[PDB]
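Enquirer: Take a look at the following structure, please.
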Number of protein chains: 6
Amino acid sequence: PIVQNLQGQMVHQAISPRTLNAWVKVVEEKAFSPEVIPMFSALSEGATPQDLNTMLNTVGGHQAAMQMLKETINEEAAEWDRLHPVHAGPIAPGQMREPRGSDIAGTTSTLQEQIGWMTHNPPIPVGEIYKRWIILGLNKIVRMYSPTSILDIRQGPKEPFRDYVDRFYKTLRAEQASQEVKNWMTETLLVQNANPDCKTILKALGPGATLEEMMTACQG
Amino acid sequence: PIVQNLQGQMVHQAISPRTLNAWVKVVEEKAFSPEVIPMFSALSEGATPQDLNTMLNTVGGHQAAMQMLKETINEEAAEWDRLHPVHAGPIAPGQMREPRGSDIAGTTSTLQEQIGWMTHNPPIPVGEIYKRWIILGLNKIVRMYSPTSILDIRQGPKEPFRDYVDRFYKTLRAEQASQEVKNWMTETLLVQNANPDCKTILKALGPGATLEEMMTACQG
Amino acid sequence: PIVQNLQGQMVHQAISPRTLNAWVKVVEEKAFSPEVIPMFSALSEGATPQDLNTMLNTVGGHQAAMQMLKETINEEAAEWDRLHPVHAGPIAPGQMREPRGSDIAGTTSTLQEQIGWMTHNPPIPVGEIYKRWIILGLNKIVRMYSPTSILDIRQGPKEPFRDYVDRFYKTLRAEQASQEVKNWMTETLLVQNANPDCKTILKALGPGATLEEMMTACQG
Amino acid sequence: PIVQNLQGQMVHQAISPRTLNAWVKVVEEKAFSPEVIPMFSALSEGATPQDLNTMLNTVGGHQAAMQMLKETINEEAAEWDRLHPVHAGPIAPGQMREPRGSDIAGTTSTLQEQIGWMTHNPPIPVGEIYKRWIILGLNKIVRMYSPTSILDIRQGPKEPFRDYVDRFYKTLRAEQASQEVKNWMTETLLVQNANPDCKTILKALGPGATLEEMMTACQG
Amino acid sequence: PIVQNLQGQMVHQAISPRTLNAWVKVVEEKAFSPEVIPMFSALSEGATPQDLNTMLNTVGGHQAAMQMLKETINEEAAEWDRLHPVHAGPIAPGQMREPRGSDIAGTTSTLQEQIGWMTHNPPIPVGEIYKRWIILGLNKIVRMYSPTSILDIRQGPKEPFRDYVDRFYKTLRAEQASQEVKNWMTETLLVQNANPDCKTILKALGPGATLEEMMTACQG
Amino acid sequence: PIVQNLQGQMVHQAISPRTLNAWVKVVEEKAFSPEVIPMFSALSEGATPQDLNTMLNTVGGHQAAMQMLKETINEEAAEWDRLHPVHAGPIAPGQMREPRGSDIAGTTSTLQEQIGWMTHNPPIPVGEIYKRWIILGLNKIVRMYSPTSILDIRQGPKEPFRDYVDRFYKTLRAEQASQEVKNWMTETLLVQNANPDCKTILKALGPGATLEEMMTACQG
Ligand SMILES: O=P(O)(O)O[C@H]1[C@H](OP(=O)(O)O)[C@@H](OP(=O)(O)O)[C@H](OP(=O)(O)O)[C@@H](OP(=O)(O)O)[C@H]1OP(=O)(O)O
Ligand SMILES: O=P(O)(O)O[C@H]1[C@H](OP(=O)(O)O)[C@@H](OP(=O)(O)O)[C@H](OP(=O)(O)O)[C@@H](OP(=O)(O)O)[C@H]1OP(=O)(O)O
């Protein structure tokens, strides 16, 4: 992608084969865990919209997610076009006007236009907008691909509380609810669906008990 | 290949063995899916025609498709020679003669000649044209190695709609239809080739809903 | 992370895929053993808080420890906010106010703010404070994942004392005890919970001898 | 090999061990397939005959082919010596006479001699000629390695035409006959030795066609 | 860490994860053999005391050896403090006093102090002192881990003398003694504790021959 | 090691960890074979003697060969001391006297002396000489693990001729002798020790037999 230059501006460079190999490995090993969402921001720093398009295309299978993200990109491009004032008239030499939905998506914009937009004055980070749209698409796709809800988790009589609370927090992270709702569910459902023995132990522990005390109490 | 040197001008470089090894391993481990076409453009950027020829030559097996690509290269070179009259003029330093059909593919041109063509003023990315030429072939190559039709696709009574839409979009990517034709064909056949209960539910929902409602309407 | 340009000004770079891939693979493979605590500081030196929280988020599984460390980070940030004399009123131009309880976590502080803090006059090592908080959280996590206590280790009648003292010192490294108590216990517990013949040999050898004499006298 | 300087003068570069290790491991792991013939050039660009000799000597297994290629190199060096007699006379400063029969084989010469030959104007392509001789030796080796002829191939009744055409083209590539007769026979023998259904479809198509049409007609 | 730059002054850097991963894996997999002592010196070139401490602490298990080497480091630091003059009072600005016994290990001295000491004129090779202390600790732990002495090695009645001489030399390399003692042992003990037939053949061949002649004398 | 600077002066470098890792892996995995003899030289294309002995001491096991090569190094140092008289008197400033028998091995000379000798005018390839000394030693190392002679090889009736000729050439290449004896034996032993059918075929073929025709006539 675009790499920094020693005491210089930002110039475009070829995509590292290591980056794409790591991306295909991580999207072929699990491809449906929340931690792959930060991984995206660990590799899409400063990348051109063309790089985003190539990364989206290089994935194998699961084209339903590709259609989902394409639809979200189209609708958000339309909303950006309607909200942002239209640009016309003589364009200043050396720079280009604010790109429309087609240009930011990379379908009609070449590499030179994206490079000029990155080095604009003031710089226009439409790559950031495109990747935040992709982040929203990833959020909705991980909502889609989550195979369980939050309220249906139940701890088995022989099931340890360790992996129980682990999967509870995994589904909590998969949930898109507000912070206060997350706090309420983590304060209630963590005991509403546990084993009865240490359920009553935690009830005896009183309200607002930290989870370390609960985990040291549910043992045995 | 030719890479943009930091705080300096671009210079020719030898092909890294790792890129070729990754290319050959991904060719031998994966079928002729559409997503391999962008992957090629993720490794052939800033490459001389000789580099592209070497990349083509490292193919392991499936030489029938290689013969198809060679024939398409020959016919495209013939078309290029036919549409470009022979450029006759003085030969002086700083000016290089017009490459022919055997020269764009790099079969009869040395690496130094390609470097001189790249450094010629004005720059001639004719080798890049050759790249797109092979891309064209790769397109039909996919259509050759995914012989399953798109009209005959039908979701079985026990076939989940997730895999149904996955294979439908795989064959769509294998298809040569334009963007609008693809959109129309999907918006028709997705509801035309579903389970009867899904058909009734989605027709009760009505047209205009995105694929999200299509998925969430007839779950199970 | 943060690097110094050769004969140049300070420049902030991204995270290389090598470091994150190695960290995630070693975390997913190796358990929550004490040796992972130094390993983190091997790869998280001079890193911005945003890089630290992205590295934290890229982990997969064991979300109970993640929730516990988030709680500890939040409470420590609140304590830092209340104890520190939070400046109020106007801020002079060209300055940067003290980090917030959420700015140190990186969830509300932009990368430009982090860069300004790093190069501030005088510099603010907020990233180091966050790293120390992470170190405390990892100590809590390794205490949580401690298999057994330290007083229950018993030497087998025929098991060699070599692996006995090895696991004793491993558990000492995994122990939550302070400095003076561990100094007291490293001179009396090992000679008290060994085979009787070697115990009496060590007792006759005299107190104050280092562990090399202990192991040589205990040789069979 | 010998690499160009960053806007400077030609400087010899050290041999990368990774390329040699990859070459030897792939040669010893997969096969003695003719696919090594082109990719060898990708690993021997701008390399002195010493580097080629070092690469050749580090091979493992099947020393009979090594003896064959050594004998071919010796006889071709003798041919070069007898066709082009050894030059005599004092060597003017700044130039150097052509390499001898042993010098061109990279045996009785040092790296500095190759550097002086390369910097000499015109540059004598001793390395290129040695590479051509190695290519001819490998062509003879792969001619030997062929376990069957080209005219005895027959297609099984219970086999798809894809494997038949694949093996026909791989054996055609493995052939060392003249290109003219090869291209003449690749349009006839493929149907002269095909299954009856392909034969009937092709003779219904009529004499003369492109292999794309042939292989699409064989489908179904 | 301390690594030279291309035609430029040395700048601070960080140890690559692959180096530490290889170091820890070879430490945990091969042995606590003397050959690891040079290996460490291969990976400790231009390394700050912080890097040395991190590389030391990244090992998993064998904590008894870690405690032993820490104790030897502490006693060596005490010896250095008592031997080298104890500076009292600050020095003129621009210079710093010699690092304390706790500063060589890096327990109390930060990386900035180590960098300042390294760049100070005259240079402070405190890292070299720490490395040689680690070398002494490795030598003593190798001597500890030797399962047998050099005096009680007996050749098997049917075991070939190749394995006998190999194990004799391997044990000798683990011996911490002068080179003259090693020469005397290799010249005397190699025949004293051998099989009667090789003993008689060795005595017939005389004591003036080298190891090669005597090992080729009584083969079988 | 010895690395050329970009159009600059000669600058010393430390040994790359990957080079020594590859060396030790190929030594431990692949048995002692002549093919690894070039593998050493490619890994030692310019290095100080200190680096040579450092990479030589990394190998674990087979210490008998290490002792043999150390003895040969000592005897070659004695030879160098005898043939090259020791010189005394004044030493020119900026230059160092020629290395002695102990200095070439690097046992007494420090890294600074090696650097000064590398940059000496005229250059002193003392380390190069050292490497050729090692070559001599490894020659007799080839004689160590040779299990049979060059005339006891026999082709079994059930064993294919390919394996027989492969082993014959392995033993021929491994064996150290003159060129004339190899030329004599490459036409006598192989025919004499072949299965009777193709042996009499070769005898009917007569003189001038080449291995290619030899074992293409032996097919069947
Ligand atoms: O291509 P990069 O991502 O910049 O990584 C390179 C690459 O190593 P890898 O292919 O293993 O990643 C270099 O190898 P070449 O491409 O030159 O063959 C290597 O050079 P050496 O092989 O000589 O060590 C260099 O290391 P360095 O920068 O120390 O010269 C290393 O860079 P990193 O070590 O920063 O990944
Ligand atoms: O550490 P791993 O996860 O096993 O990956 C390694 C590593 O490659 P990366 O540095 O890209 O991770 C090796 O490089 P080093 O760490 O030894 O420098 C490389 O070896 P080469 O550099 O010689 O290519 C090797 O490849 P191989 O297993 O073919 O030897 C490759 O393994 P993977 O290819 O399985 O990732």
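Each answer follows from the model by the rule given with it, or from the source it names; these are not laboratory values. Cβ atoms come from the backbone with ideal geometry, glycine included; neighbour counts cover every protein chain shown.
Enquirer: So, B:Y145, is that one away from chain A (no Cβ under 13 Å), within 26 Å of the chain's Cα centre (by Cα) and surrounded by fewer than 18 Cβ atoms within 10 Å (Cβ to Cβ) or not?
Expert: So B:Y145 passes the test.
Enquirer: From the list A:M39, A:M66, which residue is at the interface with chain B (Cβ under 9 Å from one of its Cβ atoms), surrounded by 14 or more Cβ atoms within 10 Å (Cβ to Cβ) and under 19 Å from the mean Cα position of the chain (by Cα)?
Expert: A:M66
Enquirer: Looking only at region E:19-34, which residues are facing another protein chain (nearest Cβ under 7 Å) and either assigned to a helix (DSSP H, G or I) or crowded, with 19+ Cβ neighbours inside 10 Å (or both)?
Expert: E:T19, E:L20, E:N21, E:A22
Enquirer: For residues that are closer than 19 Å to B:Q219 by Cβ, crowded, with 19+ Cβ neighbours inside 10 Å and among the charged types (D, E, K, R), tally how many sit in region A:148-184.
Expert: 0
Enquirer: Looking at D:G206, is it out of contact with any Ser or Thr (no Cβ under 8 Å at 6 or more places or on another chain), free of Cβ contacts under 8 Å to residues at least 40 places away in the same chain and at positive phi?
Expert: Answer is yes for this residue.
Enquirer: OK, next. Given the condition among the polar types (S, T, N, Q) and either under 19 Å from D:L136 (Cβ atoms) or within 16 Å of ligand 1 (Cβ to nearest atom) (or both), answer yes or no: does some residue in region D:82-96 qualify? Steps first, please.
Expert: Of the residues in region D:82-96, the ones among the polar types (S, T, N, Q) are D:95.
Now narrow it down to the ones that are either under 19 Å from D:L136 (Cβ atoms) or within 16 Å of ligand 1 (Cβ to nearest atom) (or both): none.
Within region D:82-96, not a single residue is among the polar types (S, T, N, Q) and either under 19 Å from D:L136 (Cβ atoms) or within 16 Å of ligand 1 (Cβ to nearest atom) (or both).
Enquirer: Please verify whether A:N53 is touching a residue at least 40 places away in the same chain (Cβ under 8 Å) and of a type in the set (S, T, N, Q), treating the condition exactly as stated. It would help to see each step written out before you state the result.
Expert: On the way: touching a residue at least 40 places away in the same chain (Cβ under 8 Å): yes; of a type in the set (S, T, N, Q): yes.
Yes: the conditions hold for A:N53.
Enquirer: Among the residues of region A:1-26, which ones are under 21 Å from the mean Cα position of the chain (by Cα) and within 16 Å of ligand 2 (Cβ to nearest atom)?
Expert: Of everything in region A:1-26, those that are under 21 Å from the mean Cα position of the chain (by Cα) and within 16 Å of ligand 2 (Cβ to nearest atom) turn out to be A:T19, A:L20, A:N21, A:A22, A:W23, A:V24, A:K25, A:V26.
Enquirer: Just checking, which of A:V3, A:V11, A:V59 is in contact with a helix residue (DSSP H, G or I) (Cβ under 6 Å, 6 or more places away or on another chain) and within 12 Å of chain B (Cβ to nearest Cβ)?
Expert: Details: A:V3 fails: in contact with a helix residue (DSSP H, G or I) (Cβ under 6 Å, 6 or more places away or on another chain); A:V11 fails: in contact with a helix residue (DSSP H, G or I) (Cβ under 6 Å, 6 or more places away or on another chain).
The conditions single out A:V59.
Enquirer: So D:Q67 fits all but one of (1) within 25 Å of B:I115 (Cβ to Cβ); (2) without any contact (Cβ under 8 Å) to a residue 40 or more places away in the chain; (3) in a helix (DSSP H, G or I); what number is the exception?
Expert: The failed condition is (1).
Enquirer: Let me ask something else about it. Would you point out which residue out of E:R173, E:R154, E:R167, E:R143 is more than 27 Å from C:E212 (Cβ to Cβ), among the basic types (K, R) and in contact (Cβ under 8 Å) with a residue 12 or more places away in the chain?
Expert: When all the criteria are applied, what remains is E:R154.
Enquirer: Does region C:74-109 hold any residues that are crowded, with 18+ Cβ neighbours inside 10 Å and either acidic (D, E) or farther than 25 Å from C:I134 by Cβ (or both), and which are they?
Expert: Passing the criteria: C:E76, C:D103.
Enquirer: Can you list the helices (runs of 4 or more DSSP H) found entirely within region E:92-170 that contain at least 1 residues being touching a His at 6+ places or on another chain (Cβ under 8 Å)?
Expert: On the way: elements: E:101-104, E:111-119, E:126-145.
Of the helices (runs of 4 or more DSSP H) lying wholly inside region E:92-170, those with at least 1 residues that are touching a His at 6+ places or on another chain (Cβ under 8 Å) span E:111-119.
Enquirer: Do we have any residue at all in region D:44-59 that's more than 16 Å from ligand 1 (Cβ to nearest atom), farther than 25 Å from F:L6 by Cβ, assigned by CATH to the domain that holds D:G101 and not in a helix (DSSP H, G or I)?
Expert: yes
Enquirer: Quick one: in region E:70-91, of everything that is of a type in the set (A, V, I, L, M, F, W, C) and part of a loop (DSSP other than H, G, I, E, B), which residue is farthest from E:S146 (Cα to Cα)?
Expert: The residue in question is E:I91.
Enquirer: Filter region A:28-53 for residues that are within 16 Å of ligand 2 (Cβ to nearest atom) and farther than 14 Å from C:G60 by Cβ and give the result.
Expert: Result: A:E28, A:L43.
Enquirer: So which residues in region F:116-127 are surrounded by 14 or more Cβ atoms within 10 Å (Cβ to Cβ) and either among the aliphatic types (A, V, I, L, M) or in contact (Cβ under 8 Å) with a residue 24 or more places away in the chain (or both)?
Expert: F:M118, F:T119, F:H120, F:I124, F:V126, F:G127
Enquirer: Mind checking which residues of region C:5-18 are assigned to a loop (DSSP other than H, G, I, E, B), away from ligand 1 (no atom under 16 Å from the Cβ) and in contact with a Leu (Cβ under 8 Å, 6 or more places away or on another chain)?
Expert: C:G8 - this is the single residue of region C:5-18 that is assigned to a loop (DSSP other than H, G, I, E, B), away from ligand 1 (no atom under 16 Å from the Cβ) and in contact with a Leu (Cβ under 8 Å, 6 or more places away or on another chain).
Enquirer: Quick one: is B:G94 within 11 Å of chain D (Cβ to nearest Cβ) and either of a type outside the set (K, R) or without any contact (Cβ under 8 Å) to a residue 60 or more places away in the chain (or both)?
Expert: no
Enquirer: On to the next question. Is it true that A:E113 is within 13 Å of chain B (Cβ to nearest Cβ) and either buried (at least 19 other Cβ atoms within 10 Å of the Cβ) or of a type in the set (D, E, K, R) (or both)?
Expert: no
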